[PDB]
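None of the figures in this text is laboratory data; all of them are computed from the coordinates on show. As a convention, Cβ positions derive from the backbone with ideal geometry for all residues, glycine included, and neighbour counts pool all protein chains shown.
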There are 2 protein chains.
Amino acid sequence: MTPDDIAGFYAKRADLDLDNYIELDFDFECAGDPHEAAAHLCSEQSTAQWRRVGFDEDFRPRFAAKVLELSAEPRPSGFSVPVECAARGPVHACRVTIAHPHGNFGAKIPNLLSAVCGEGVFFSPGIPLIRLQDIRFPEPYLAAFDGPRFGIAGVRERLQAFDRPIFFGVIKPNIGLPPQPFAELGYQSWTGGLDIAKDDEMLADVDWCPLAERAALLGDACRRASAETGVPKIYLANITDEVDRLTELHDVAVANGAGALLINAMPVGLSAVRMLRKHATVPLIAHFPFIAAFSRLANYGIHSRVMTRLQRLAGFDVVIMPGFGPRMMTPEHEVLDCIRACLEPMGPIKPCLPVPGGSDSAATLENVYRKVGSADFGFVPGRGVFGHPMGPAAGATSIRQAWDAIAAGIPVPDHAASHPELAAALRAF
Amino acid sequence: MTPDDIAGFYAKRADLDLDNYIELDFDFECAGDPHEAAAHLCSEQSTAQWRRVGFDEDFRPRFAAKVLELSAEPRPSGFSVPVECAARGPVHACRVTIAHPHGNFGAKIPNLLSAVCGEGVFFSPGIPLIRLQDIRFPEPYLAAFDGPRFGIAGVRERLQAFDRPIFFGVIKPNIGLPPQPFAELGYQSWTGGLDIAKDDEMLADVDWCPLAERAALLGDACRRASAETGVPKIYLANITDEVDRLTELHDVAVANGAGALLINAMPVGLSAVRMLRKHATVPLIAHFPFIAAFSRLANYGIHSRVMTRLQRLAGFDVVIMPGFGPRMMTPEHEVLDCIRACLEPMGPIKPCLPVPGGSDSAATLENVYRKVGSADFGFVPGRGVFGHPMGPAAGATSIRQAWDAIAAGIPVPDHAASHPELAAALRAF
């Protein structure tokens, strides 16, 4: 890569059939020439070797990732965090858009990842810190996946929930409870006005609270509350387990009255999800364990937005992401980039429902709605429904009322002056 | 967690049946009391809520992760990297050992991860930066997995390779070559003295070089070279693909003479590997795309050693990790912690073979052997075999000779004075 091999790794937009390429945005820091560095980064990520021994061959035009656009400013301080490097001289901070020919891997999630962030990206020579900021896919490519089966669209219709956010609740306590008093809490929160009562991320099929039995009881409690309130209610059962057992658990949960399924997206593997999507009959919902390990630092890793794109692409109808509140340690606009990622038009792929976490209560709803900009989101209290002083039923109610205020454009604490549950929650949280 | 709920999340070694617990080592930074912080971290990771409404219940002793040991020193500077936080006052740097009751998830990889590094760990209140440094499992728990089928033990016997490192080679170029001139390069490198010729991480089943045909030709070239040298040779086929197609590709490759299979561990999902292990008939090898995104930074994420433990545990017989050389941007001792991780006695789980990456040639072999401490490792040149001036056959030879020197305790450049291939390689690299 030292000579004028560098030339063959750059291209103008105008010159490429952009339909054969996925666009990538990297921010990175490198030592020495930032032009060499970018080329090296395309090289490692794709060709790396374009001739054979002594052939004039160059299969760069058909197979090499190519720099579309590059931007680099000096930083005499050195790298952001201390690391250790294969180079000296100046250090630059860079922004690159690379066009990667997708014909290289075809339409499979595992192969995509291991190209756009395998060896190529992280062990490129002289580039210690690097962060993938976004992917863009062409229609032809997107057309190969199915994305969500339902989307916000579908989910809304299953709940008869229109022009208002979807109200989730994580039953608490979870870990430690046998299956019976579990249905109790769920039952109540639904009556109070919850749409969906969900299992905690860390609660699947275990000795002390088997899924077989949880779902049976919660399915009942669900059909019971649904009939008694006349509005459809939904039990969201966590079926996170070894990949082979995923299909088995889908059936067990659905047979027992589970309205939707929750999977821990990263731990099981996105490819796993895509396979369940082909078989699943109810909406699929992603939780966020693990994503944080590689998405938090601003100068390194992969932007959580990229994940969101992929989760949507893979088949999730709902994406639980980290939300607002300072207790969530994620930059404001970063969260919004994800909410955008979920809802953005994306070729034939349906928009999925974003669900910002954080310790939410009747008090924080007003805020989330302001910050989301519209009613197209989920809302997931834990305490604040099950933690409410008046009990779970009233905790749910408190949210419903908090909403009632916003939807009528009445500021919240005002409405709270005439509704005991909403007032209690404002006091408590 | 504000009151003396804190008490129930600490325990002395002496007090616990350590067999019910997995030990975890976290390094983190927190704001305000480090004692509250650690308790919160156990809480979030497990119980978080141990009563119901108004019951004296406390199911902390059976279900809550517990602080065995804690260590915390002040840092007036604030956090290492700039972040943003839910707290003020002093900032402390901490080291904790937490015992997590594994009865919480049972013996399943996805559930393990989503506890020991889901919400609990990364969104614990007032703890922005955190790194999982090590896991330790009890026999009872370990006994539930099978770990590697073959191990170094098995791999050594397949190759008749004893008392010397296993010599791998990544065929180059890869991306861009049709299947025919591929077999050519593989054939030669085996004849030169390579044990295993492998596909690049980024080369699976694609239009321009389908696995059906690669493996057919390379299987031939392998049987051919194996007969001609009288020593067993092996073709290592990459079968990275969508989870459901994994079983199909095992069969296609094995049927075609593939001696071992390579999977990209992270992109496919570790749960996926574990399922393949139940069905695979040849050794399994893990490559390292993606691990870097969450393991590089010293102050945040998950130490790659933890990954290695899990890969071994899942079923890999060989783990390709990032190696030495500065071009690899990983701390020396970190690489060694992984080499240790692979070989360490681990209950009924077999030791698997560690394979340090880096741009290795006949020149670096002497070094790796000194640094590994023994002959129990793989060695993976790319160029340096296929890049060698005299051609691939001679490139393989150069390594073989480099080894011959070491095994006789003759310093390398000395032996090179009488072997043209070793000399050329020393010049070239």
Report the extension gain between B:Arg75 and B:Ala143 in nm, rounded to one decimal, defined as 0.36 nm multiplied by the number of residues separating them, less their alpha carbon distance. 20.3 nm
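What does the highest-first list of B:96-104, A:34-42 look like by mean Cβ count within 10 Å? The partial results should precede the final answer.
On the way: B:96-104: 21.3, A:34-42: 23.3.
Going by the mean number of other Cβ atoms within 10 Å, highest first, we get A:34-42, B:96-104.
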Efficiency by 1/(1 + (r/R0)^6): what FRET value for A:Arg340 and B:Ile410, r their Cβ-Cβ distance, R0 = 51 Å, to the nearest 0.05? 0.20
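Using the 2.2 N^0.38 Å rule of thumb for compact globular proteins, work out how the range A:26-160 stacks up: its C-alpha Rg over that value, please.
On the way: Rg = 18.7 Å, N = 135, 2.2 N^0.38 = 14.2 Å.
It is 1.32.
Just how large is the dipole of the range A:146-429 about the Cα centre, in debye to the nearest 20, putting +1 at every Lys and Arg Cβ and -1 at every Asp and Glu Cβ?
On the way: 26 positive and 29 negative charges, 108 e Å.
With only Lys, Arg, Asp and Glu charged at Cβ, the dipole is about 520 debye.
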Once phi for every residue in the range B:205-217 is put through the Karplus expression 6.51 cos²θ - 1.76 cosθ + 1.60 (θ = phi - 60°), the whole-Hz ³J(HN,Hα) values, with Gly and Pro written as x, are 8, 9, 2, 6, 8, x, 5, 2, 8, 3, 5, 4, 6
Which residue of chain A is nearest the rotation axis onto chain B, counting by its Cβ, and what is the distance in whole Å? A:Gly269, 1
7 Å from Cα along Cα→Cβ at both A:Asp58 and A:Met390: what's the point-to-point distance in nm? 7.5 nm
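Need one number for the protein assembly as shown: average projected area of the convex hull over its C-alpha atoms, nm². Before the final figure, lay out each step's value.
Values: hull surface 140.5 nm².
Averaging across all directions leaves 35.1 nm² for the Cα convex hull.
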Report ³J(HN,Hα) in whole Hz for each residue of the range B:367-375, in order, from the Karplus equation J = 6.51 cos²θ - 1.76 cosθ + 1.60 where θ = phi - 60°; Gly and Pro get x. 4, 3, 5, 4, 6, 6, x, 7, 7
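Give, as a single signed number, the net charge of other residues whose beta carbon lies under 11 Å from the beta carbon of A:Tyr300, with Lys and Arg counted +1 and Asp and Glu -1.
On the way: positive: A:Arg131, A:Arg296, B:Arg296; negative: A:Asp27, A:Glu29.
Once all neighbours under 11 Å are counted, the net charge is +1.
Summarise the partner chain shielding of A:270-276 as one whole number: the mean count of Cβ atoms from other chains within 10 Å of each residue's Cβ.
5
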Rounding to the nearest 20 debye, state how big the charge dipole of the range A:305-393 is about its Cα centre with +1 on each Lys and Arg Cβ and -1 on each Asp and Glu Cβ. 100 debye
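Using the Cα atoms of the range B:293-429 to build a convex hull, what is its mean projected area in square nanometres? Walk me through the numbers before you get to the answer.
Values: hull surface 36.2 nm².
Average of the hull's projected areas for the range B:293-429 equals 9.0 nm².
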Which one, A:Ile135, A:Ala423, A:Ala72, is farthest towards the positive end of the dipole of chain A when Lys and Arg carry +1 and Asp and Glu -1 on their Cβ? A:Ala423
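Return the average number of partner chain Cβ atoms within 10 angstrom of each residue Cβ along peptide A:122-128.
Working: counts 10, 12, 2, 5, 3, 1, 2.
Partner Cβ neighbours, averaged per residue: 5.
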Taking the Cα centre of each part, how many Å lie between the range B:2-68 and the range A:8-36? 49 Å
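Give, as a single signed number, the net charge of other residues whose beta carbon lies under 12 Å from the beta carbon of A:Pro138, with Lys and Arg counted +1 and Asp and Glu -1. If you can, show how the numbers build up before the last one.
Values: positive: A:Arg136; negative: A:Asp17, A:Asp19, A:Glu23, A:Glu139.
With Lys, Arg at +1 and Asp, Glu at -1, the neighbours total -3.
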B:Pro348 label points, 7 Å along Cα→Cβ, one per copy: pairwise distances from this copy to the rest in nm, shortest first? 4.9
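Would you calculate, for chain B, the mean residue ellipticity at 222 nm contributed by helices, counting each DSSP H stretch of 4 or more residues as -39,500 (n - 2.57) and dividing by all residues, to the nearest 500? All intermediate terms of the calculation are to be shown ahead of the outcome.
Numbers: 18 runs with 161 residues, N = 429.
Per the formula, -10500 deg cm²/dmol.
Would you mind computing the Rg to Rh ratio of the range B:229-360 from its alpha-carbon coordinates, Kirkwood style for Rh? Don't jump to the answer; show the numbers that get you there.
Working: Rg = 15.2 Å, Rh = 15.5 Å.
Reported Rg/Rh (Cα atoms, Kirkwood Rh): 0.98.
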Which of A:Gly315, A:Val335, B:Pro210 sits closest to the plus end of the dipole of the protein assembly as shown, meaning its Cα is farthest towards the positive end, when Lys and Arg get +1 and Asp and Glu get -1 on the C-beta? B:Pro210
Under a Cβ-Cβ cut-off of 13 Å, what is the net charge of the residues other than A:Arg224 that fall near it, where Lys and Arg count +1 and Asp and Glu count -1? -1
Considering every residue in B:163-173, what mean count of other chain Cβ atoms within 10 Å of its Cβ is obtained? 1
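Express the relative contact order of chain A as a whole percentage, based on alpha carbon pairs under 8 Å and six or more residues apart in sequence.
Values: 869 pairs, mean separation 65.6, N = 429.
Across chain A, relative contact order equals 15 percent.
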For the range B:146-429, list log₁₀ I(q)/I(0) at each q in 0.12, 0.16 Å⁻¹, using the Debye formula over Cα point scatterers of equal strength and ignoring solvent, two decimals each. -0.71, -1.30
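Past 18 Å, Cα to Cα, is the threshold; run A:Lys12/A:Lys108; A:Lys233/A:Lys278; B:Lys172/B:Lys198; A:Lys12/A:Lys66; A:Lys233/A:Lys371; A:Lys172/A:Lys198 against it and keep the listed order.
Cα-Cα > 18 Å for A:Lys12/A:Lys108; A:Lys233/A:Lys278; A:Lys233/A:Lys371; rest within.
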Using alpha carbon centers only, the range B:301-315 is separated from the range A:239-258 by a whole-angstrom value of 27 Å
Calculated FRET efficiency for the pair A:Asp134/A:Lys278, C-beta based, R₀ 30 Å, to 0.05: 0.65
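For the range B:1-145, with only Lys/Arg (+1) and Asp/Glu (-1) charged at the beta-carbon, what is the dipole magnitude about the Cα centre, in debye rounded to 20? Show your work: numbers first, answer last.
On the way: 13 positive and 21 negative charges, 36 e Å.
Around 180 debye, computed over the range B:1-145.
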Only Cα pairs within less than 10 Å get springs; with that Gaussian network setup on chain A, which residue of A:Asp317, A:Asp195, A:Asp337 has the largest fluctuation? A:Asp337
Tabulate in residue order the Karplus-calculated ³J(HN,Hα) for the range A:382-390, using 6.51 cos²θ - 1.76 cosθ + 1.60 with θ = phi - 60°, rounded to whole Hz; enter x for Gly and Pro. x, 5, x, 10, 7, x, 4, x, 7
The range A:366-423 versus the range A:142-174: alpha-carbon centroid distance in Å: 19 Å
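Could you tell me the calculated FRET efficiency between A:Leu16 and A:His333, based on Cβ-Cβ distance and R0 = 25 angstrom, to the nearest 0.05? Could you put the intermediate results ahead of the total?
On the way: r = 31 Å, r/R0 = 1.22.
Plugging the Cβ-Cβ distance into 1/(1 + (r/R0)^6) gives 0.25.
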Compute a Gaussian network model of chain B, connecting alpha carbons closer than 10 Å, and tell me which residue from B:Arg13, B:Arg158, B:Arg214 fluctuates the most. B:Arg13
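If you wrap a convex hull around the C-alpha atoms of the range A:147-278 and split its volume per residue, what is the figure in Å³? Could the numbers behind the result be given before it?
Numbers: hull volume 14.0 nm³, N = 132.
Normalising the Cα hull of the range A:147-278 by residue number yields 106 Å³.
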Gaussian network model of chain B, Cα within-10 Å springs - most flexible of B:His333, B:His92, B:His303: B:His333
Enumerate the amide H contacts of B:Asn264 below 5 Å, restricted to partners 5 or more residues apart or on another chain; note that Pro and chain-start residues carry no placed amide H. B:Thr240, B:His287
